[PDB]
Amino acid sequence: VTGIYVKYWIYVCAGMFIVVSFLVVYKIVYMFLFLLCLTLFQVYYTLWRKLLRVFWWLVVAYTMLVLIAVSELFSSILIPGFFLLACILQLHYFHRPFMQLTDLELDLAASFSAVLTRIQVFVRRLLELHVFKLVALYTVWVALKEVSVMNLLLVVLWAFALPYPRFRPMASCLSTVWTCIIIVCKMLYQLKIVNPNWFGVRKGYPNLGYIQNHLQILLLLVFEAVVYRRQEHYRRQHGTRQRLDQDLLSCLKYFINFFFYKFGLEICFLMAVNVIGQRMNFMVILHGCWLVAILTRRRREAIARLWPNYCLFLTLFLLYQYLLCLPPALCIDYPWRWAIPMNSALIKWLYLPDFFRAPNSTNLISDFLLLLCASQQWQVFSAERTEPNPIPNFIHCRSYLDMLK
């Protein structure tokens, strides 16, 4: 129980700090700013992971700020005191144990424990290579469901991070910082400047829903960073293409390891077919035209030559489509519509930016899925470091793999 408390205490303290905010303006704003600064420092891994003295100083500063708190809101101070208590507990003995343990410098309980250990290793290996994809997908989804300025920056950053891998660290850092900045939306919500989109504010009714998505995005980024850090720590301490025919377990292991490495072109073409059948717009027509153009090439060598261009303007076309989908507030509008022989149905069929109607900017997630598939194909495309068939007997059907073959 002592070890469990030493482990699951920083997360509890952070959750309490988040719950303290969201509402009074000054105190909530200060607490949110402190939490965002701590999370950004952890993402940079310069203080929470490299200058732990700064982490202790931040904990002490948070405690001092909570104590500097000293009207029908008698129960409101009930929330701060609990927070203070939590901080005190975290500073009592949890800080030193967490810091010391984080640094790297039917009696079937045994079988089940071993099973959890091996499943934990498997989950570590899977998530250390797939957290980035989920993070990018969730940011894309958040951007598309809320079409507005200050969100195009994240969409562009991720649409350029997926194809070229060298952006992935910096982009993530940039994305985190950007999210922190846009987390300032609460300050816009608590303002009194109604006086009665490029503004990038919606004035959320519950003061939490309008920032909940961005809090989730920041949490996902912090989760990816923590997963990478834990993988590095747990790896500091302590393919099967030839075993393909040993047994069916080896075959399925090979598939789990290199499914995309085997059928990535197929996955990309089918994702493109799904996107074209999903959108049914003129963007879909252009996608199909270029797909036919790419398919005209015979072997994998010409497709290899043409692939980087394909990815480049795929990224460009996603950015352009999002830009078109993103304002009615702007006086900009069709002058003839403000006539023209184009009715509203055709304007809703063309991906034209309307200012009273709105194109459904959610099939762009399908196009972004196409983009991530193409980028992953390009990544795995240049990997070239690894009588001809020794096994002609699968016609003879001597093993369980053979009749499947």
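One-based numbering along the chain as shown.
Any Cβ shown, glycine's included, is placed from N, Cα and C.
Record features (Swiss-Prot):
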{"type": "TOPO_DOM", "residues": "44-53", "note": "topological domain 'Cytoplasmic'"}
{"type": "TOPO_DOM", "residues": "163-176", "note": "topological domain 'Cytoplasmic'"}
{"type": "TOPO_DOM", "residues": "298-310", "note": "topological domain 'Cytoplasmic'"}
{"type": "TRANSMEM", "residues": "23-43", "note": "transmembrane segment"}
{"type": "TRANSMEM", "residues": "73-89", "note": "transmembrane segment"}
{"type": "TRANSMEM", "residues": "134-145", "note": "transmembrane segment"}
{"type": "TRANSMEM", "residues": "149-162", "note": "transmembrane segment"}
{"type": "TRANSMEM", "residues": "177-191", "note": "transmembrane segment"}
{"type": "TRANSMEM", "residues": "209-236", "note": "transmembrane segment"}
{"type": "TRANSMEM", "residues": "264-279", "note": "transmembrane segment"}
{"type": "TRANSMEM", "residues": "282-297", "note": "transmembrane segment"}
{"type": "TRANSMEM", "residues": "311-326", "note": "transmembrane segment"}
{"type": "TRANSMEM", "residues": "362-383", "note": "transmembrane segment"}
The transmembrane segment (149-162) vs the transmembrane segment (23-43): 3 or more CB pairs under 8 Å: no
Stretch with greatest number of CB pairs under 8 Å, the transmembrane segment (311-326) reference, 73-89, 177-191, 264-279, 362-383 candidates: 362-383
DSSP-derived helix, strand and coil totals, residue by residue, for the topological domain 'Cytoplasmic' (298-310): 11 helix, 0 strand, 2 coil
Non-local residues, at least 6 beyond the ends, that sit with Cβ under 8 Å of the topological domain 'Cytoplasmic' (298-310): 265, 290, 374, 377-378, 381
Interface-richest range of 23-43, 264-279, 362-383 toward the transmembrane segment (177-191), CB pairs under 8 Å: 23-43
Tertiary contacts of the transmembrane segment (362-383), as residues 6+ beyond its ends and Cβ separation under 8 Å: 133, 136-137, 140-141, 144-145, 159, 162-163, 165, 260-261, 264-265, 267-268, 271-272, 274-275, 278-279, 281, 283, 287, 304, 307-308, 310-311, 314-315, 317-318, 321-322, 325
Stretch in 134-145, 209-236, 264-279 most in contact with the transmembrane segment (23-43), if contact is a CB pair under 8 A: 209-236
Composition by DSSP (helix, strand, coil) of residues within the topological domain 'Cytoplasmic' (163-176): 12 helix, 0 strand, 2 coil
Same-chain residues at least 6 beyond the ends of the topological domain 'Cytoplasmic' (163-176) whose Cβ lies under 8 Å from its Cβ atoms: 39-40, 43-44, 132, 135, 139, 154, 157, 218, 221-222, 224-225, 311-312, 315, 371, 374-375, 378-379
